[PDB]
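Visitor: Protein chains in written order, with the authors' numbering: chain A, 1061 to 1109; chain B, 821 to 856, 864 to 868.
Here it is, the structure, as structure tokens.
What follows is the structure in structure tokens.
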């Protein structure tokens, strides 16, 4: 169980970094590169709990 | 792993494609990426 918790903690840390990047790219601004903020050409993105 | 592979290949796909440029265009010799059995280059 301890090893499982450590592996899940590493995965959660990587996902937290990804969430920070997506919020600072697609939410507060409009992205230029495709694919990162969903499929197609990005218009707007809303983040919820 | 299966869902990750499917999502990766869905993000790979381009909406437009010009397959004639692989070997029938330009003076450059980039036939290493030319699809011709196997369909790999």
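All C-beta atoms in this analysis are idealised placements derived from N, C-alpha and C, irrespective of residue type, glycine included.
Specify, as a first and last residue, the run of the alpha helix (DSSP H) that residue 831 (chain B) falls within.
Guide: Position 11 of the second chain holds residue 831 (chain B). Unbroken alpha helix (DSSP H) run through residue 831 (chain B): 822-832.
Visitor: Take residue 868 (chain B) and list the residues in its own chain whose beta-carbon comes closer than 7 Å to its own, dropping the five residues that flank it on each side.
Guide: In the second chain, the residue the question calls residue 868 (chain B) occupies position 41. The residues are 852, 853, 854, 855.
Visitor: According to the Cβ coordinates, are residue 1094 (chain A) and residue 1101 (chain A) closer than 8 Å?
Guide: What you label residue 1094 (chain A) is simply residue 34 of the first chain in a count that begins at 1. What you label residue 1101 (chain A) is simply residue 41 of the first chain in a count that begins at 1. Yes.
Visitor: In angstroms with no decimal places, state the Cα-to-Cα distance between residue 1097 (chain A) and residue 1069 (chain A).
Guide: Along the first chain, read from residue 1 onward, the residue named residue 1097 (chain A) stands at position 37. Along the first chain, read from residue 1 onward, the residue named residue 1069 (chain A) stands at position 9. Answer to the nearest angstrom: the Cα atoms are 25 Å apart.
Visitor: Between the Cα of residue 831 (chain B) and the Cα atoms of A:1105, A:1106, A:1099, which residue gives the shortest distance?
Guide: Position 11 of the second chain, counting from 1, holds the residue named residue 831 (chain B). Of A:1105, A:1106, A:1099, the residue nearest in Cα terms is A:1099.
Visitor: Spatial neighbours of residue 1106 (chain A) within its chain, please: C-beta separation below 8 Å, excluding the five flanking residues on both sides.
Guide: Here residue 1106 (chain A) corresponds to residue number 46 of the first chain, with the count starting at 1. Taken in chain order, the residues that qualify are 1087.
Visitor: Please report the straight-line C-alpha distance between residue 1085 (chain A) and residue 825 (chain B), rounded to a whole angstrom.
Guide: Translated into the one-based positions of the first chain, residue 1085 (chain A) becomes position 25. Translated into the one-based positions of the second chain, residue 825 (chain B) becomes position 5. Answer to the nearest angstrom: the Cα atoms are 25 Å apart.
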